[PDB]
Amino acid sequence: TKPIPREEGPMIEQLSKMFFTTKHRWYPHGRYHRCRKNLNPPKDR
RNA sequence: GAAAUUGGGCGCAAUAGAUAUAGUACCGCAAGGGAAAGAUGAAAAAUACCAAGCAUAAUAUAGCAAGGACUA
Ligand SMILES: [Mg+2]
Ligand SMILES: [Mg+2]
Ligand SMILES: [Mg+2]
């Protein structure tokens with residue numbers, strides 16, 4: 001063990017590069033898709 | 001295909017029922033063809049919720065548009 005040590009375009013590129021994903025999931029989506037979403041989904045465990 | 005002979009409504013109710021509110025409007029030189037549509041209430045001397053289409057609310061990679069799903 002080691003001891004404990006003590007704008008839309010550029011913002012979407014910055015998030016892509018930060019979280020190692022592509023750009024597409026940072027663009028929004030329309031109302032038809034925002035309102036189909038279940039905001040009170042079933043929980044378990 | 002003979003003859004003798006024998007002896008009111010388990011209706012329609014405005015695309016229905018009349019073409020019919022009218023043989024008018026309209027069309028045709030003419031004969032002739034030929035429509036559509038209305039809905040308050042006792043009194044007008046009392047002025048809701050439902051088709052398609054839209055709007056509230058445009059859109060986000062991929063595709064008979066869904067289905068299996070899924071925390072989404
Ligand atoms: Mg008639
Ligand atoms: Mg509708
Ligand atoms: Mg696919």
Side-chain angles (χ1 to χ4, degrees):
Chain A
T1 53
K2 291 187 158 173
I4 282 193
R6 290 168 186 179
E7 291 297 335
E8 192 72 16
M11 173 258 290
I12 285 178
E13 280 185 349
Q14 191 265 116
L15 287 164
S16 299
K17 181 63 64 64
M18 178 177 182
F19 285 106
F20 293 101
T21 179
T22 50
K23 64 174 178 188
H24 298 84
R25 57 101 53 231
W26 303 106
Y27 293 112
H29 51 272
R31 190 201 181 273
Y32 177 69
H33 284 295
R34 280 176 283 140
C35 291
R36 276 165 65 87
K37 195 174 314 198
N38 188 4
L39 289 178
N40 288 312
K43 300 298 180 289
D44 180 74
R45 203 179 77 208

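Residue numbers begin at 1 in each chain, while the letters A, B, ... track the order of the sequences.
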Nearest-angstrom distance, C1' atom, B:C26 to B:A35: 8 Å
Whole-Å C1' distance, B:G8 and B:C27: 44 Å
All pairs passing side-chain hydrogen bond (donor to acceptor under 3.5 Å, both in side chains) where residues 5-23 of chain A contributes a residue, at least two apart: none
Common cluster, A:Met18/A:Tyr27, ILVMFWY with side-chain heavy-atom separation under 4.5 Å: yes
B:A20 glycosidic torsion: syn (within 90° of 0) vs anti: anti
Separation of the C1' atoms in B:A39 and B:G34, to the nearest angstrom: 27 Å
Distance between P atoms of B:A18 and B:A13 (Å, rounded): 12 Å
Between B:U40 and B:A36 - P atom distance, rounded Å: 23 Å
CZ on A:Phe19 to CZ on A:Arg25, rounded to 0.5 Å: 9.0 Å
Chi-angle category of B:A65 [syn within 90° of 0, anti beyond]: syn
Integer angstrom distance from the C1' of B:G33 to that of B:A22: 15 Å
Whichever hydrophobic residues join A:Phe20 through chains of side-chain contacts under 4.5 Å: none
Chain A contact limits on RNA chain B, taken 5' to 3' with a cut-off of 4.0 angstrom to heavy atoms: B:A57 to B:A72
Nearest-Å distance once atom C1' is located in both B:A66 and B:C54: 26 Å
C1'-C2'-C3'-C4' sign verdict for the sugar of B:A44, north or south: south
Nucleic acid contacts - residues 33-45 of chain A versus RNA chain B, non-hydrogen atoms under 4.0 Å: A:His33, A:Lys37, A:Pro41, A:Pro42
Six-ring stacking criterion satisfied by B:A18 and B:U19 (under 5.5 Å, under 30°): no
Sign-based sugar class (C1'-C2'-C3'-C4') of B:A57: south
Geometric stacking, B:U56 and B:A57, six-membered rings, under 5.5 angstrom and under 30 degrees: yes
Exercise: identify the closest heavy-atom pair between A:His29 and A:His33: CD2-CB, 3.6 Å
Sugar conformation, B:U19 - torsion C1'-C2'-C3'-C4' sign: north
B:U47 glycosidic torsion: syn (within 90° of 0) vs anti: syn
Base-over-base contact, B:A43 with B:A44: centres under 5.5 Å, angle under 30°: no
Ranges pairing with ranges for RNA chain B, where each run has three or more Watson-Crick or G-U pairs under 3.5 Å: none
Syn/anti label of B:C50 as read from its glycosidic torsion, with the cut at 90° from 0: syn
Adjacent-base stacking, B:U21/B:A22, criteria 5.5 angstrom and 30 degrees: no
Gap in Å between the two P atoms, one belonging to B:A37 and one to B:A16, rounded: 10 Å
Adjacent bases B:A58, B:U59 meet stacking criteria of 5.5 Å and 30°: yes
Contact list for RNA chain B against residues 11-27 of chain A - heavy-atom distance below 4.0 Å: A:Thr22, A:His24, A:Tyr27
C1'-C2'-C3'-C4' sign verdict for the sugar of B:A51, north or south: north
Sign-based sugar class (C1'-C2'-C3'-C4') of B:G9: south
